[PDB]
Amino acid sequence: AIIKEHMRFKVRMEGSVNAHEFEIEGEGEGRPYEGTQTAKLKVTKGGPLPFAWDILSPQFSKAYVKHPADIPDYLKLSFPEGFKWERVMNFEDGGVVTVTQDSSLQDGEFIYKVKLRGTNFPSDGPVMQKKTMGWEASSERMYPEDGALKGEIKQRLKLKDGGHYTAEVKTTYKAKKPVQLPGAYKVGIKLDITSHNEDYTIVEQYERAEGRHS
């Protein structure tokens, strides 16, 4: 009842990647029970970014995951208070992205606050050279542990000139109040940049996500 079949969100990210500082603000919408959403993001400080948007895109929304009714939808249940998440992405060439996020339901919309630090991306690698071309579909393996929900992904980025570039990703998602944790399951996810201006200072993205038994 709290979360409707259509919901909007607002997001702000403060970040740095290889010490380049920036800020992004955006607005999103979607169908939380159907697992679909879009957002429009704007670089408000530090633009144009001297690195691939694709490392930022997975940081812009776990209320919008379709769940069968027999898999507790822990992150939906956490509202209106919401939940926090912390993520590390370890890329194959030594690049690292660490992310901290707070999610809540305020004034009838989800509110997302994100802090991101990317480090040790090779200056001539595909991230800093903007040679990426979007994420392949992911399977995030979920399981509860120590009163939180953990997810693991072998996440694969397509490169413009061919081939993939991979990160090992671990995330912990923790509700701000004790609500029912699920058992082990998997979430199939596909994220796409659907529109962008030439320098990626304005970007729209779409994501579909659906949980299923292992």
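All residue numbers are counted from 1 along the displayed sequence.
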Check your understanding: How many residues that are in the deposited sequence but not in the model lie between residue 173 and residue 174: none, 1 to 3, 4 to 9, or 10 or more?
Key -> none
**Study point:** Mean Cα B-factor comparison, 122 to 130 or 87 to 95, giving the higher one as deposited
**Key:** 122 to 130
Review point. Hey, which bit's got the bigger mean C-alpha B factor in the entry, 158 to 166 or 51 to 59?
Key: 158 to 166
Practice item. Sorting the chain's modelled residues by C-alpha B-factor, tell me whether residue 178 ends up in the lowest, middle or highest third. Key: highest
Review point. Residue 198's Cα B-factor: lowest, middle or highest third of the chain?
Key: highest
Point to revise | Assigned third (lowest, middle, highest) for the C-alpha B factor of residue 185 | key: middle
Point to revise | Third assignment of residue 152 from its chain's C-alpha B-factors | key: lowest
Revision key, fill the gap. Of the three thirds of the chain ranked by Cα temperature factor, residue 21 occupies the highest
